[PDB]
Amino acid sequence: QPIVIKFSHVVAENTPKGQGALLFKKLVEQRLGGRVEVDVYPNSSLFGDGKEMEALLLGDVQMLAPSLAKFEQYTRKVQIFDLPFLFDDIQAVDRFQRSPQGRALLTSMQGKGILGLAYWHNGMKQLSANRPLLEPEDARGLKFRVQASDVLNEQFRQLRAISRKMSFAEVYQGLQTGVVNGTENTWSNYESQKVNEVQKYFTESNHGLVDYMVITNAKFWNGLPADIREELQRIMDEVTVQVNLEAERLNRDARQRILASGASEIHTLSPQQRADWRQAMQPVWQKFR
């Protein structure tokens, strides 16, 4: 019987991570046919945000690629990636991730039985709401959905807003019902989940990022025949390049689809206007020294 790798994730198929998981499946089955099978479960069809890590540790799934914002229960070393305006752009993020210091974070949870294999990009985060977000004051009193991160909770509290941690699958319903009325995410995630249908206003703030750490269960990975593990890592490195090469494009395409939807508008910022948002949000770094 072949070795089965269930790769669960929470995003749509036509996204950076969705395409990366499928490419990993394709290349693995082409190079290790009959020896390894990759079973990809997108859109939280196997496990959502709230249960995927527990499943990985129990061996009920073999590969995940969660947002870097979602690891606080296992390590605090990755929450640096949540700090607003710490990285100007994805190139800056990449430089950190690829450095010795960034690569060291891949083993930050090894003591918990989790091994990081790679970083995958999605893109920069934008803001959305049911009212225009021109200047930081506009966020005051709103209710933002955030990923399950203390840093992101504090980010919106700094803007005198309410935050609500919610699993990614539930964002559309949360905004539709009104338990939240704004959020932050990449264009790709907004459009692929149709959240633009319940958010009339977007601001291209580029105030943070959504990137992933591809992870596996250490016992499972260490348990593989050496050749299979080594080949899987080489394939992973190749997939990472294709994901990282196309991520900006898919996000640009998504922005175009949002504009073509007819029901949302996008506000862009001057360098000065962006500096104003930075000035208002950067004080949150004082809570995470």
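We call the rigid core whatever largest set of C-alpha positions still superposes within 1.5 Å between the two forms. Throughout, we count residues from 1 along the sequence that is shown.
- Using the rigid core as the fitting frame, the root mean square C-alpha deviation in 4 other deposited structures of this protein is greater for 262-270 than for the other of 262-270 and 7-15.
- Two stretches, 57-65 and 238-246, are weighed by how far their CA atoms sit from the shown form in 4 other deposited structures of this protein after rigid core superposition; the farther one is 238-246.
- Set 73-81 against 209-217 and average the Cα temperature factors; 73-81 ends up higher.
- Higher mean CA temperature factor between 226-234 and 57-65: 226-234, per the PDB entry.
- Per the deposited coordinates, the residue with the largest Cα temperature factor out of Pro100, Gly182, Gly174, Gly116 is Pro100.
- Highest CA B-factor among the listed residues (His121, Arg140, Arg95, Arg164): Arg95.
- Among the modelled residues of its chain, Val36 has a C-alpha B-factor that falls in the highest third according to the deposited record.
- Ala275: CA B factor lies in the highest third for its chain, per the PDB record.
- Annotation for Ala21: C-alpha temperature factor in the lowest third relative to the rest of the modelled chain, per the entry.
- Among the modelled residues of the chain, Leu159 sits in the middle third by CA temperature factor in this PDB entry.
- Ranked by Cα temperature factor within the chain, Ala263 sits in the highest third according to the deposited record.
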